[PDB]
Structure formats: C-alpha cells, structure tokens
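Chains as they are written, first to last, in full-length UniProt numbering: chain Z, 1 to 117; chain X, 2 to 55; chain S, 2 to 179; chain F, 2 to 85; chain E, 1 to 136. This report concerns only the one structure given below.
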Amino acid sequence: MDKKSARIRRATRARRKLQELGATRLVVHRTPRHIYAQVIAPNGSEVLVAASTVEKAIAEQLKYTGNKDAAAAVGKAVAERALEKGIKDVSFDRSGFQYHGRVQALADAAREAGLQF
Amino acid sequence: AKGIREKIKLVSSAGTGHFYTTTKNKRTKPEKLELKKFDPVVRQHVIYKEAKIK
Amino acid sequence: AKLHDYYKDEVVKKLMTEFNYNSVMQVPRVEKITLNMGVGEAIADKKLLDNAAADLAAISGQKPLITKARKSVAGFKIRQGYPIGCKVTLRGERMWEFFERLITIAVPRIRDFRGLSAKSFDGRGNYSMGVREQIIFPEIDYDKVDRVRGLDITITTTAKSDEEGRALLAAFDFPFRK
Amino acid sequence: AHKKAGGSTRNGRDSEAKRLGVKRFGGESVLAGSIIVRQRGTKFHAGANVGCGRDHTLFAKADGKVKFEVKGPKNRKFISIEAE
Amino acid sequence: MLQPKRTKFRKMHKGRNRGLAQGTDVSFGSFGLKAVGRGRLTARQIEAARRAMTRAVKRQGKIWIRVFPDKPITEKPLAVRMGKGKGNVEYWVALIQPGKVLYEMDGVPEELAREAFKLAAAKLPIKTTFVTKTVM
RNA sequence: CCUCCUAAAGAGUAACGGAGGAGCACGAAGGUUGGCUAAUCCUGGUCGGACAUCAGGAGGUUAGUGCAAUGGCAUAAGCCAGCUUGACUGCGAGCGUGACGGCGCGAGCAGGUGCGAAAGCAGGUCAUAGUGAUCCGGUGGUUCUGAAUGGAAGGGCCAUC
RNA sequence: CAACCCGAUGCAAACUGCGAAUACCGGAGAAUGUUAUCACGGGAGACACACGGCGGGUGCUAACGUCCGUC
RNA sequence: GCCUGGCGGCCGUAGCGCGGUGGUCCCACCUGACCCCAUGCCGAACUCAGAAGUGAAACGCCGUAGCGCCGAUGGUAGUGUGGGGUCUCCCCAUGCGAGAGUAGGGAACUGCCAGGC
Ligand SMILES: [Mg+2]
Ligand SMILES: [Mg+2]
Ligand SMILES: [Mg+2]
Ligand SMILES: [Mg+2]
Ligand SMILES: [Mg+2]
Ligand SMILES: [Mg+2]
Ligand SMILES: [Mg+2]
Ligand SMILES: [Mg+2]
Numbered sequence: 001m002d003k004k005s006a007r008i009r010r011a012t013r014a015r016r017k018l019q020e021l022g023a024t025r026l027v028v029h030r031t032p033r034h035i036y037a038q039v040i041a042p043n044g045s046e047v048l049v050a051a052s053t054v055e056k057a058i059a060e061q062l063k064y065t066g067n068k069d070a071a072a073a074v075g076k077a078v079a080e081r082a083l084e085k086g087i088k089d090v091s092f093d094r095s096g097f098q099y100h101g102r103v104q105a106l107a108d109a110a111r112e113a114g115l116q117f
Numbered sequence: 002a003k004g005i006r007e008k009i010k011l012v013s014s015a016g017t018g019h020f021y022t023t024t025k026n027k028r029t030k031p032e033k034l035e036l037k038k039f040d041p042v043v044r045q046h047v048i049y050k051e052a053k054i055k
Numbered sequence: 002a003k004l005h006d007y008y009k010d011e012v013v014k015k016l017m018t019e020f021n022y023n024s025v026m027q028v029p030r031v032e033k034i035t036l037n038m039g040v041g042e043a044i045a046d047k048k049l050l051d052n053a054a055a056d057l058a059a060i061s062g063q064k065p066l067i068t069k070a071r072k073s074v075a076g077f078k079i080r081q082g083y084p085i086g087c088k089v090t091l092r093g094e095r096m097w098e099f100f101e102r103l104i105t106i107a108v109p110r111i112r113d114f115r116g117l118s119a120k121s122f123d124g125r126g127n128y129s130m131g132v133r134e135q136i137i138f139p140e141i142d143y144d145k146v147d148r149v150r151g152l153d154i155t156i157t158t159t160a161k162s163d164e165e166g167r168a169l170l171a172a173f174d175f176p177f178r179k
Numbered sequence: 002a003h004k005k006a007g008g009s010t011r012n013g014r015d016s017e018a019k020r021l022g023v024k025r026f027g028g029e030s031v032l033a034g035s036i037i038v039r040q041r042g043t044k045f046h047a048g049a050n051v052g053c054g055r056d057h058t059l060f061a062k063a064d065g066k067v068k069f070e071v072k073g074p075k076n077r078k079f080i081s082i083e084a085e
Numbered sequence: 001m002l003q004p005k006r007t008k009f010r011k012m013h014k015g016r017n018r019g020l021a022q023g024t025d026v027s028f029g030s031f032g033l034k035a036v037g038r039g040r041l042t043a044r045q046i047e048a049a050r051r052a053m054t055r056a057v058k059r060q061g062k063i064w065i066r067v068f069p070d071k072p073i074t075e076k077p078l079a080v081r082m083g084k085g086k087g088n089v090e091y092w093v094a095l096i097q098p099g100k101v102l103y104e105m106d107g108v109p110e111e112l113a114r115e116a117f118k119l120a121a122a123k124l125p126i127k128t129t130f131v132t133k134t135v136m
C-alpha cells in the first residue's frame, strides 16, 4: 500500500502530466466501502472534476447494494455520463494500484458510451 | 577477438527473399540454432531462421 | 478453529483485566510463526538435503520456500546464490493448527524436556523456538529419517513489549516449565 | 603489445559535456542543455532537479529536446512564451 | 599532537604544489604558541619541537600541540628532469599563522616552550587564553 | 581510444604532469508489462561459538549497477517473472562537435512488429572505451551497363567479408 | 592496547551538506566608433617567439628554467 | 466555518522525536474465502464477498523548540578595475562581498472537487 511506501511503480504513470499533459486521468479509488473517481485536467487545472458515489442521484444514498461488477460499474457511470464533454477529449483512468475486478468494472463501466480511447 | 572459440559473426538469413541482416554470436555457448523475425525487403516480418536452425 | 476460539473464548479476557487496557483490539494477537531449518551444505546442497524440505513441507502442510542466499565470497565457500533454507510460514487458520499441534502434541518430546525457555522473547514480544531434531510431529512411515537438519520456528505476535508478552503465550501454553 | 608503463600521462580527449544552450533562447528545436551526452526525451525544457532545483527555461520554440538525466529529466509542459 | 611525521597512514596520491593564505585558530589547553609569519614545518621539526619541550621537568603536564601535516614533497638527485619526482620522504606541513601547542599544567611555559621555538622554522609569539569568551 | 585532477565555477587549452581502465561481454545482460527494494548492526533461533537460511527492530544514496573513473540511478538503469525479437526497413524538423574525413543527438513521417485493458514504450544494452580510412579483391541480390547484334565476361548499384 | 559511535581542533588537485567575485550565454535601451560584423572570392605570409603582471602545473614557490591560461 | 477522502502547488519556518487525541461520516485496521485473482512459502501483500468489534496500529489532528531546518545586522575571507610595498605574500582607492558563527524564526501554508454538522 502507501503505508510501507510510495516509492513504487504506482506513481510512474501518474506522471502522465509530462508529454501527455492535456491527457486527463480518472484516478479511481478503492477504499473497501466506496470507489470514487473524479476527473481533472492533468495538473494545469485541478479545477475540474467528476463524481464519486454521489449518494444523491436517484434516491438519497445512491440506492445500490453490492460492490462487484454491479456496484463498481455504476460507480463510474456517473462520472462518465456527467462528463459527456470530456470523452472524445481522451481522458485516461489511472489504475492507481491494480487493474483487476473492482477497478476493472469501474474502468470498463466507462468504456461503454464514454472515454473514446 | 577473432579467436575460433569466442564471438564470431552471424550471417543470418530469411526464408525465401534473399535478405541478410547480420549480428554477432558465440560458439561454446549453446549455438547451432537461431531464428528471429526482422523486416525483409518489404511487407511482413516472419521466419529469418538465419544460419544454425533449430 | 481448534484453539483460535480459546482466545476470545477464555484467553482475551485475562489480559483485558491483567495489564488492563480497554480495547478487545489491543488484546495481544498472534501474527504468525514461520519455521525454517538452516545449515545448508556449502557444497553438497543438492540431492542431499532437498528431501530436507520434503519434511518441513508436510510437517506444516504447505510448500516450502527452500530460500536462497545473500552472502558474498568471504570465508564459507558459497557465493550468494544457493538455496540452503526452507522458511515456510503460517499466519492463516492453519497457524492455530500447528499450535494445537505443538502444545498438545510433543512440545515435550525429548528426555531433556522440562518446559519452554523462559528467557527467549525477541525483546519486544515474539519468541523464537528451536529444539534440534527428531520429527516430534509424526506423519511419516518412520524408517527413513536422515536427521533432517532440525527446526527453528518463531511465533510472531503483535506483543507490545518483552514482559508485556509472556502472559499472552502463558495462556494456552500448557507447556512452558515452572 | 606493451604500452604499459603507468607514467600517469594520459588524457581522455574529453567532449560534449558543456552546458551549451544557456538560458531561455529565442527557441529552435536546437539541442541546448546537454551534459552527459546520451540524452533522450526532453521537449520544451523547464529545468528540473530536486530539493533546490527547477531551472525555468520559459523560452524555446516547440521542442527543445536535450538534457539526458543528470539535469532535470524530461521537461516541457504548457510553457512557451504566452502559452502552449 | 605528535608528528613522527607519522604518514597519513599510507599513500593515496602524493602531488600538488603549494599555496598559503590565512590562519584559522584559537586554543584548547592553556598555554599556546601562536604561529604568525607564513611558512611550513619540516614536520621533522615538530619532533624537534616536542623532543625539546621536556628536559628539566618530567613528562608531567599534558603537552598537546595541534597541527597535522598531510603534504608529500619529493625531490630529485643529481639528474636532469623527466618531471616525475621520486619519493617524498620530506613532508612539510602547511603552516600559515595558526598557532598550536598546549601545556595543560599551571606554570611558566613561556620560557619553556620558547626553549623549543628556535627549533621551529620561523618566529612565533606565545599568547595564552587560559579560557574562552573570545569566541562563542 | 575511455575516466578524473591539472583546467582560472560556459567550451577548450600543455608538459617524459598526478592516478587508472578499453581493443569486450550479452538468444539475453534487449523490448515491454506486472511486481519488488539496499548494506550493515541489535535482540532472539537446533545443528551457531566472527559472519550460514528464520523472526522482529534500528533499517537513512554508507547498497547494487556485467568491466576503470566521473556523472547518474527509487518513477529506479538496481532485482524477479510472463510474453517476445524494435539489436526493425525506408526517411528525418532541427541541433551538438569537428581544419577536414568524419562523429554524435534527435522529435516527427511511411511500412510492417512485440509488450500492455489502455495512455503508451521499444530504431539494443545507465551513459561515456571495446577501434582501421582508401585501394585490390571475395560472396549474395538486380535485365543499371555490357565496345557489330543477342548473350556472356567484366563494370555500377545494394548488402556483407 | 586499538578501528567503530558522542563532544572539542585542524588538513585536501583528483572531499563538498555552502559559495563569491567573475568570465561566458541570450533579451531590450540610449550614445558613440570614416559597418568596426558576417558571408563568398583573388593574393598572402605564418606556424622557433621572448619578457612583464596575474592564475597554475612542474623544478628547490631555483634559474634571463620549462610547459599551459590570460593581458 | 469544524472535520474526513482523492488530487495537485509548493519540496525540511513543511522533517524526525516525544506526549495527548478522533470513530462505524469517513477512513481505516477488521469478518470471511469455493472462486475472478494471488503466494518462487503464506489471502501478509495483492483479490473478492462483507456480520460483528475497535480506534490498539496506521492515519489525521493538537501540544512540546530534544534533534534537523530557516536565519539576519555587524565583522571577517575572497575578488573585478586602479595603483603601491614586497620573497614566494601583502597594502591602499574603489565596486561586489561570502562560508562559518551570533540574535532571532520555527511544530508549514495553500487550491479543485466530493461526503458528514
Ligand atoms: Mg571548464
Ligand atoms: Mg573559466
Ligand atoms: Mg545469530
Ligand atoms: Mg553500462
Ligand atoms: Mg612546425
Ligand atoms: Mg611551435
Ligand atoms: Mg608559448
Ligand atoms: Mg625562458
């Protein structure tokens, strides 16, 4: 994780800011309970964003039960559709740590009708 | 250098096309076998078993 | 399963009162053990002693690691590359197993038995066991032993300090001397 | 093949190190910034380091390209003159 | 402290020419021998300076002279000049104007250390700040 | 030929000046993807009585870089494994460095590749030594040429010894 | 009887956790100097330099010594 | 405005040490494991499904100058131009003027967005 260290490949791509610059990312988070996301311009404009679980959406607490490809997917859906603008602009979702399961369902949840790669 | 024991030259070759591509190798180290890809006159890569085939 | 329950059920609360904290989390936990044999053949580590892990394997029930070596040139004729180890660790449920299979079965295997070394706590809590040989944990035809270079094993625990410990181990441990 | 005699009289015939391309020039995809030779990517340099560090080119054309790794790896960002 | 022009343990190079500038020190013990006037101790001098700093009175008192060499020299026999330079065997400590000798013991030292100054390479006053508020 | 000092904080500059290294190695020791971080000491530990694999702790370039020295390295270039052949072919904005021959750096473009879900990375190795111009020829390729013409020999061109 | 770690003191071309002057690099600006600047082309000579100042290798901080730098 | 989460600007007046402190909103540790996925041994890490429990560790806060760090003013060292002694060093007119050390500073400050009152 980050406790024992930060000096790991986990930061290698986060420095997409150089060259790619304009290249925007998704970040995405784990935190057992939620998933988060948010999308900002590289570094030149953190004054941008998307949405995490955003409780209020359909009900009040984002009425959803599960966390598998079920809950994980929608976990992205919001940022995706809400950020319709940015899609063709080619964003990126940054693994953060690993690209499997939870984050996968989150990432691919966007690939459908969004983020043109 | 040109000791018949150490590094030599690998003429190398492709499968039908009459290309070349050269490189170095050895002798005592496992040999009498070789093949990579490399790009020919044109088109695709493939074959290039060079000399010393598996 | 076996023994892990003695913990919450009749082991946590002794510590919750003696030493006296307030969090069933600060209750001294048992991380793992990690066995591992040692002395390898400087030259002979090959056929000789590869059956050395065969034992530690099933003795635990996992897959040994056999480990490697981090020592360069100086006096011992090895060059930082040979196996010469075993390791094998257990933190899982199978950790309590080897526990309920120590205190009960053969902590007392040698004629020179009398209990556990009082003074062997790592300085902050854990304890390094040792002993030299025999199987102590039979599960072999037993007509094949080749005095397979012993056992180390060192139960790791979240014990805060030396003496803070003891009372922890000293709570299932029917073997520990007096 | 004996040309062994220490003497310690022996050169190196050194090259390339120099800090050419000083400051923020008018621009040009010129080298400017080389030190250790090898070099790789770089783009519109920004002068970097660590702790202290971080020179501030500010002026170039559109792709300086130079600095290997002894002096502020890569660079470039959004800096040109007005914007990038 | 001693000199024996004890070599700096061994070799690690042996070149460089010379160049002096300004002194850099105060005191440590009680009595001192300020340098003044640039020069360089033949090192062999420090041995002579000490060998003379104890004749009448026993080795009593803590003599501590504090200047350390590090400075190979080298010379040439009756030969041309292949500009290499044979061994060193000299060792001339660089001494601009520091000042270093200590005679931890209450007494008259002046007439005592000056008894050894003539052995030194050049002139050098005494001065002794038994203590310290000179420099924080 | 390569490294450091001399070399006066941009290059560069000498001496039969002070110290060392090269005339290689590598189907991987390259590429990429994913992942991982020293040395050393302290307390414990059977086969120890200086150092062997284990456990925690102090664990901070004091480690490791294929070979000198300098510079560099955690996003590791240091370490491990999977898959591979970009150690690709054709070009190259613009630069650096040379009396010159020449040498080096290089984004980007075209054709086809490998690795990655993907952004993307790859035109050999962390970089800097590991080298020999020309001529005379040898080998393969091509209707470039071929002395009346058709061939051929021989010549060119490309690849290489 | 001594490496190793704490306090107090030094030393270094091939030490640096600091760091000038300053030379050099590019950008504007006024003034001044019979483009002084650059390119291409005809003709060259010229590659033994010596001394003095400053910074240094050497040599003995010797030499109307010797080898670089700069004026 | 108080607090928490990701993501940056700054990179030691932002760090280390020591002490106190916050809770199921968050976060964490944590419950569990046939798997998708993972161990050259291990669900420790990664992975996945999530009771109950606890802020113990981590983490974030806040206090505290033991250790880092920042640091003037003055003086000194050096040095460009111009001169003058004098042995290789130094002086003076003049312009720049440190490193060390001293008083003191000091327990970071900030922005985008999301969730609790
Ligand atoms: Mg220079
Ligand atoms: Mg200069
Ligand atoms: Mg031991
Ligand atoms: Mg290399
Ligand atoms: Mg000539
Ligand atoms: Mg001449
Ligand atoms: Mg001359
Ligand atoms: Mg002369």
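Each residue gets a CB set at the ideal place from its N, CA and C atoms; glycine is no exception.
Query                                                                                                                                                                                : Result
Can you tell which of E:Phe68, E:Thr7 and E:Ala116 has the C-alpha that lies nearest to the C-alpha of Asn88 of chain E?                                                             : E:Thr7
Which residues in the same chain have their Cβ closer than 6 Å to the Cβ of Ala107 of chain Z, if we skip the five residues on either side of it in sequence?                        : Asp93
If we count the other Cβ atoms within 10 Å of its Cβ and call it buried at 16 or more, is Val25 of chain S buried or exposed?                                                        : exposed
Can you find a CB in chain Z that lies within less than 8 Å of the CB of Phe45 of chain F?                                                                                           : no
So which residues on chain F does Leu21 of chain Z lean against when the C-beta distance must stay under 9 Å?                                                                        : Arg77, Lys78, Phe79 and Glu85
Using beta carbons (cut-off 8 Å, strictly below), is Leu18 of chain Z in contact with chain F?                                                                                       : yes
Would you please state the rounded distance, in angstroms, between the beta carbons of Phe45 of chain F and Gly65 of chain F? I believe it to be under 8 Å.                          : 5 Å
Take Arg150 of chain S and list the residues in its own chain whose beta-carbon comes closer than 7 Å to its own, dropping the five residues that flank it on each side.             : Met38, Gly39, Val40, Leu50 and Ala53
If you check the beta carbons only, do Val39 of chain Z and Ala79 of chain Z fall under 8 Å apart?                                                                                   : yes
Among S:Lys3, S:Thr158 and S:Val13, which has the Cα closest to the Cα of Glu32 of chain S?                                                                                          : S:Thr158
Anything in the segment 33-47 of chain Z with a Cβ closer than 7 Å to a Cβ of chain F? List those residues in chain order, please.                                                   : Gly44
Is the segment 10-18 of chain E close to the segment 27-44 of chain Z, with three or more CB pairs under 8 Å?                                                                        : no
So within the segment 18-50 of chain E, which uninterrupted beta strand (DSSP E) runs reach at least 3 residues, ignoring any that extend past its ends?                             : 39-41
Give the C-beta separation of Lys25 of chain X and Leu11 of chain X to the nearest angstrom, bearing in mind that I take them to be a contact with Cβ-Cβ under 8 Å.                  : 6 Å
When the Cα atoms are used, what is the spatial distance from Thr90 of chain S to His5 of chain S?                                                                                   : 17 Å
How do the segment 55-71 of chain S and the segment 9-27 of chain F stand: do at least 3 beta-carbon pairs fall below 8 Å, yes or no?                                                : no
State the CB to CB distance for the pair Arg178 of chain S and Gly116 of chain S, rounded to an integer number of angstroms; the pair is presumed to be in contact (CB under 8 Å).   : 2 Å
Under 6 Å Cβ to Cβ from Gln97 of chain E, same chain only, skipping five residues before and after it: list those, please.                                                           : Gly23, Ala35 and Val36
My guess is that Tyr91 of chain E and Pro72 of chain E are in contact by the Cβ rule of under 8 Å, so how many angstroms apart are they, rounded?                                    : 7 Å
To the nearest angstrom, report how far apart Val132 of chain S and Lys3 of chain S are at their CA atoms.                                                                           : 24 Å
DSSP on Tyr49 of chain X, reduced to helix/strand/coil?                                                                                                                              : coil
Can you tell me where the alpha helix (DSSP H) with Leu2 of chain E in it begins and where it stops?                                                                                 : Where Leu2 of chain E is concerned, there is no enclosing alpha helix (DSSP H), given that its DSSP letter is neither H nor E.
Would the segment 76-84 of chain S count as touching the segment 157-173 of chain S if we require 3 or more Cβ pairs under 8 Å?                                                      : no
Answer yes or no: do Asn50 of chain F and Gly34 of chain F have a C-beta to C-beta separation smaller than 8 Å?                                                                      : no
Would you mind sorting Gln116 of chain Z into buried or exposed? The rule is 16 or more other CB atoms within 10 Å of its CB.                                                        : exposed
Determine, using beta carbons only, whether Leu102 of chain E and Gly39 of chain E come nearer to each other than 8 Å.                                                               : no
Mapping DSSP to helix, strand and coil, what is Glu134 of chain S?                                                                                                                   : coil
Kindly indicate which three-state DSSP category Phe175 of chain S falls into: helix, strand or coil?                                                                                 : coil
Check whether the segment 94-106 of chain Z touches the segment 1-13 of chain Z, taking contact to mean three or more Cβ pairs, one atom from each stretch, closer than 8 Å.         : yes
Using 8 Å as the threshold, is the C-beta distance between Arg6 of chain X and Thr23 of chain X below it?                                                                            : no
Indicate the three-state DSSP secondary structure (helix, strand or coil) for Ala105 of chain Z in the structure shown.                                                              : helix
Within the same chain, show all residues whose beta-carbon is closer than 6 Å to that of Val38 of chain F, passing over the 5 residues directly before and after it, in chain order. : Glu17
Taking C-beta to C-beta, are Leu48 of chain Z and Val54 of chain Z nearer than 8 Å?                                                                                                  : no
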